[PDB]
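Each remark here refers to the structure printed beneath this line.
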DNA sequence: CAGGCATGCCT
DNA sequence: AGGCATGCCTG
DNA sequence: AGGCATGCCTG
DNA sequence: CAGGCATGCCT
Ligand SMILES: [Zn+2]
Ligand SMILES: [Zn+2]
Ligand SMILES: [Zn+2]
Ligand SMILES: [Zn+2]
């Protein structure tokens, strides 16, 4: 039904949906990085970062893959994650684009991209047709872009979000799903090291 | 008109279970649950998420209600409302569309209906039952408690109980669970002390 | 002739104007106690409080004195001081009443006690004509009653207030002004001594 | 006139800008550091300013407030709110005053918000009112709707608030200004401003 | 009356 | 987090 | 009131 | 590339 709070629970369905991360250079300031322990991606804004998709049984036709952001804390979950006023109106980055300025998550390099603004739930998300890994390849890598900092005032300001990747049936039914925390910042590694470090303190 | 609504655990046919996820244990915490006790400690107006589990729900008309009642039998015959201060107040009454007078509110859903029993007098919030999402076990509801357990003019220092019932389109309880509730500025503090004292009398 | 921000400044005009307080009991449960150190009095909700007023020379015919509350902090200086939503209606002490339960300051005994609401500034004040001191007795004494505790939610909650006594003509201008911090509380003595002693830890 | 003067002009009647005693506490709403004519306040909190004039002015006189970046290069830029604070709803809603304006007046229903046709400059004006009986000060309540640090607006670019009085006619009478700093902790900010100024 | 607690809220 | 406010309840 | 959290800056 | 600073904000 018209679900207002997307659910974020790893649910490898009939096929075995999997979300993995490409090799990543550790550093305070690097395009991106991932924390297997804390299950959360660290990413400079607007820059490129690829996610790995793997499956066993090749999924049914018309099958797609969505990406949606949601706030981690309950106090804020009823709020849809959109871009901040600062970055949305600014031309600095999106005037020649084909994706709506307000959307947080953009897909890079794929014209088949579909930017969804649900009429009822107001939830924004980007979807693409699903496709098998290039011959002799283990993963179907999709290139995502995040257009605001987890700190952006007026947008997701300093409140952690969760990036939900959903494997969907053409009609929208759910075939798979994985989730993980995301943080768009200025210096990823550093925020990670510190976060991994602190985690270890307790 | 009198009611003293029943607060009797009835897991019912469809296995019903309103549970709680892990909340923090901070002096001031939006909310926190004491598995030890039947108490849910939370801050006023905050989002206290509650989990519902069910194995096989069927009525299309089945919906769920939450209604506040006083614990001590002396007052249970008294309707549980909002103090005059928070009702006429401007704070969480401007904007949101819910009755200024109710204590319980559903936060993330607009299908909710706030009902004022014409005879009972009781006030409660009802929302349609929507099953868990593909791959998720619980149907999560978001609740808001508009007054402090301690507000004079309202329930002043009177332990209260929230009763969640899963009824069929028309008054027929498919089951219910109940828990004690305290609304305060500092939930963490009150639990450490509450659970504490309760042990070794 | 309406000002948005009543002045709290004292003003001993042509007629010498001074407002004094009779002997103050130190008891904690005491109905009221005045502090000349802090120039601040402590009351209990709706308890009779004598305010001794004095003039060096007698004033015009129908001139009066008005008691208008005002906040101490600028952050709030604009909020007209009114009775807490709760009290502005609870029937204890209005079914008795003759005055708008909205009004905070009000007199006891005098049936010539008038009230005012500038439709311009919406200010709530009380007015009573200068009846010469009890002939032979220096000060004229008006019995006041302050309806809400300084900590009442919905009203001045825990926000300090100034009690302004203004010497006015039958009309026209102002003729004498004396302000002093107000405070409605349960235990005036308790409170009085606590403030009063902290001022000593300067 | 685009890019106006901050120059001090006491005037026929002596116009003086004064700040009552403020707090020295870190999170105090506002404070003033006499050492450096600089006002520290919090976004949207009530900044009161004491205005004393020697003699009573004409019937059409009034007081206006206008922000102006400090540094040479930036002065040419109009001082408006960042986009986030302008579109965010925190205060804008129900507020009957332009949402782009940095400066706001609080206690007046006769606040006149101005946007210059040629200049584009923004400012708030209020008809002057004589100090009240026995009061040596005429008080105006001012709000500053954007931290100085904000992007999309003052990029941590210092500004001065030039307060001038003018006739009913568009004519200047007196002028005085002081640097402004909108922040979270006024107390802290100044206490630090001075410590380092005490070095050379 | 005066001590003292429960519980909101401030730095 | 630790600690102060402050109404109200004893006794 | 102290300490943190986080974009930009510096070398 | 990481260390440090300035500035909003949390317990
Ligand atoms: Zn942004
Ligand atoms: Zn209440
Ligand atoms: Zn009251
Ligand atoms: Zn801003």
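Residue numbering: from 1, along the chain as shown.
Just so you know, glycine gets a Cβ as well, placed from its N, Cα and C.
Annotation source Swiss-Prot lists Zn(2+) binding site at B:83, B:86, B:147, B:151, citing similarity to another entry. Using a 10 Å Cβ-Cβ cutoff, residue B:83 (Zn(2+) binding site) registers 24 neighbours.
Non-local neighbours of the expression tag (B:1-3) in the same chain are 77, 117, 119-122; each lies 6+ residues outside the stretch with a CB under 8 Å from one of its CB atoms. Residues annotated as expression tag in the PDB entry: B:1-3.
The region 'DNA-binding' annotation in Swiss-Prot covers B:20-199 and rests on sequence analysis.
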**Request:** Count up the helix, strand and coil residues in the expression tag (B:1-3) according to DSSP, in that order.
**Result:** 0 helix, 0 strand, 3 coil
**Request:** Would you count the other C-beta atoms found within 10 angstroms of the C-beta of residue B:151 (Zn(2+) binding site) for me?
**Result:** 21
**Asked** DSSP on residue B:86 (Zn(2+) binding site), three-state: which is it?
**Response** helix
**Asked** Cβ-Cβ under 8 Å from residue B:147 (Zn(2+) binding site), same chain, 6 or more residues apart: which ones?
**Response** B:44, B:82, B:83, B:86, B:103, B:154, B:155, B:183
**Request:** Starting from the Cβ centroid of B:83, B:86, B:147, B:151, which together make up the recorded Zn(2+) site, report each further residue of the same chain whose Cβ lies within 8 Å of that point, ordered by sequence.
**Result:** B:82, B:84, B:85, B:87, B:146, B:148, B:153, B:154, B:155
